Amino acid sequence: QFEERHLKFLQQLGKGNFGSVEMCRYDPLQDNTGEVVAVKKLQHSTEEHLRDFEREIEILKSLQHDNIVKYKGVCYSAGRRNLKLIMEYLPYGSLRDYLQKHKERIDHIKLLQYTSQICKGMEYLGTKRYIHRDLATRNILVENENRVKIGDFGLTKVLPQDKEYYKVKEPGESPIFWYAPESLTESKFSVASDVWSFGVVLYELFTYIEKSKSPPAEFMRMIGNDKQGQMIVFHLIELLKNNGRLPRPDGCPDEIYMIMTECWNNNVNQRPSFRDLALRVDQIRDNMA
Ligand SMILES: N#CC[C@H](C1CCCC1)n1cc(-c2nc(Nc3ccc(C4CCNCC4)cc3)nc3[nH]ccc23)cn1
């Protein structure tokens, strides 16, 4: 739908792994009236990254929800090379950076508003049988002070029709400090591993992204910080099997930490559902108000 000749590059907004998002102005009339959009592209347009990207685009296009970034279209050149995904531009950027920047202005009730919106977005994913696999505040975007959206689906997979998990280990770096144990040991991803990662997201939020308190920093201090490469993963696994966990963040109430710890259950089937997480968060919100 979008012609590349009319996409005006403005700046880079974010970089992932093998991909990036740019702020552009779509201005077909060439009079500086076009709307600003976010444009995702591959940084290395190989076959498997390209088919993965096409599947990611199809996934995003099939999602329509208040807390999921809006698909707008695609843009390609030259036959079909340099495929680009056009999305709505959300003016406050990632929740990670936004929270770190406005920590003094954002109270617990607002954190729980965001938490509730993330849970509702994730529940919608689950109704489509999609596994996000990369839930983290760096992949949540801020539309305004009252609304966040899941903002990236580059690792999202669809469950087999006959199974409740998806096994995949692809080369590169993996956000292992957000991974459920069964994802570390067996590469198994499920709604329940998304729930584990959501618990880490809740931890992130209540740390206010204070950067000695990041999951990587805390876990590395727990496993020993002389650890080596692959050994890290091994030690992390051992840590989680002995019920080592991220600590309660400064100022975090006990009941919120308990939501976290319930999401961090070694037993995959004992983790709460996203609907129950939303109910509990919303009840605490109501109590606070
Ligand atoms: N998620 C997610 C992560 C993803 C990575 C890129 C590819 C995979 C991982 N990534 C998506 C966006 C993104 N950013 C915006 N806006 C935005 C962003 C930054 C600012 C800063 C605010 C103030 N300081 C100066 C600039 C302002 C606005 N809008 C978007 N729409 C769709 C995506 C998207 C950014 N990183």
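In listed order, ligands and their atoms are each counted from 1. Residues take their numbers from the sequence shown, with the count starting at 1. Below, each value reflects all heavy atoms present in this structure, side chains not excepted, and no hydrogens, waters or symmetry copies.
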Discussion item. Give me the residue, atom name and distance of the protein heavy atom closest to atom 1 (N) of ligand 1.
Written reply: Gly151 C, 3.5 Å

Worksheet item: Which protein heavy atom lies closest to atom 11 (C) of ligand 1, and at what distance to 0.1 Å?
Response: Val21 CG2, 3.8 Å

Fill in: Distance from atom 22 (C) of ligand 1 to nearest protein heavy atom, with residue and atom
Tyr92 O, 4.4 Å

Worksheet entry | Protein heavy atom at shortest distance from atom 16 (N) of ligand 1 | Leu90 O, 2.8 Å

Discussion item. If you count heavy atoms of other groups shown closer than 6.0 angstrom to CD of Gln230, is the number above 12?
Written reply: no

Discussion item. Would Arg133 pass as a cation-pi partner of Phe189, given that its NZ or CZ must be under 6.0 Å from the six-membered ring centre and within 45 degrees of the axis?
Written reply: yes

Discussion item. Any heavy-atom pair between the side chains of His132 and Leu155 that's under 4.5 Å?
Written reply: no

Discussion item. Can you confirm whether or not the ring centre of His44 sits under 6.0 Å from the ring centre of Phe18?
Written reply: no

Practice prompt. For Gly16, take its heavy atoms, then give the atoms of ligand 1 lying under 4.0 Å from any of them.
Written response: 6 (C), 7 (C), 8 (C), 9 (C)

Worksheet item: Which is closest to atom 31 (N) of ligand 1 by heavy-atom distance: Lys70, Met87, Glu88, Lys72?
Response: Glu88

Worksheet, complete the sentence: Note: heavy atom closest to atom 26 (C) of ligand 1, options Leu13, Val39, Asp97, belongs to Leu13

Response to the item:
One finds that the ligand 1 atoms under 4.0 Å from a non-hydrogen atom of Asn139 are 1 (N), 2 (C), 3 (C)

Practice prompt. Give the residue, atom name and distance (to 0.1 Å) of the protein heavy atom nearest atom 34 (C) of ligand 1.
Written response: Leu141 CD1, 3.3 Å

Discussion item. Between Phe53 and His49 (judged by ring centroids, cut-off 6.0 Å), do the two rings come close enough to count as a pair?
Written reply: no

Worksheet item: Looking at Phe9, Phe2, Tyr89, which one forms a ring-ring contact (aromatic ring centres under 6.0 Å, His included) with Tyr26?
Response: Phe2

Worksheet item: So which heavy atom in the protein is nearest atom 20 (C) of ligand 1, and how far is it from that ligand atom?
Response: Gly93 CA, 3.8 Å

Discussion item. Within 45 degrees of the ring normal and closer than 6.0 Å to the centroid, is that where the cationic atom of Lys188 sits relative to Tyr165?
Written reply: yes

Discussion item. Checking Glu145 against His102: is there a side-chain donor and acceptor pair closer than 3.5 Å?
Written reply: no

Worksheet, complete the sentence: If we number the atoms of ligand 1 from 1 as shown, the ones under 4.0 Å from a heavy atom of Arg138 are 1 (N), 2 (C), 3 (C)

Worksheet item: Between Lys110 and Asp107, does at least one N-O distance fall below 4.0 Å, as a salt bridge requires?
Response: no

Fill in: Heavy atom of the protein closest to atom 25 (C) of ligand 1 (residue, atom name, distance)
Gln11 NE2, 4.9 Å

Worksheet item: Of the protein's non-hydrogen atoms, which lies at the shortest distance from atom 4 (C) of ligand 1, and what is that distance?
Response: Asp152 OD1, 4.2 Å

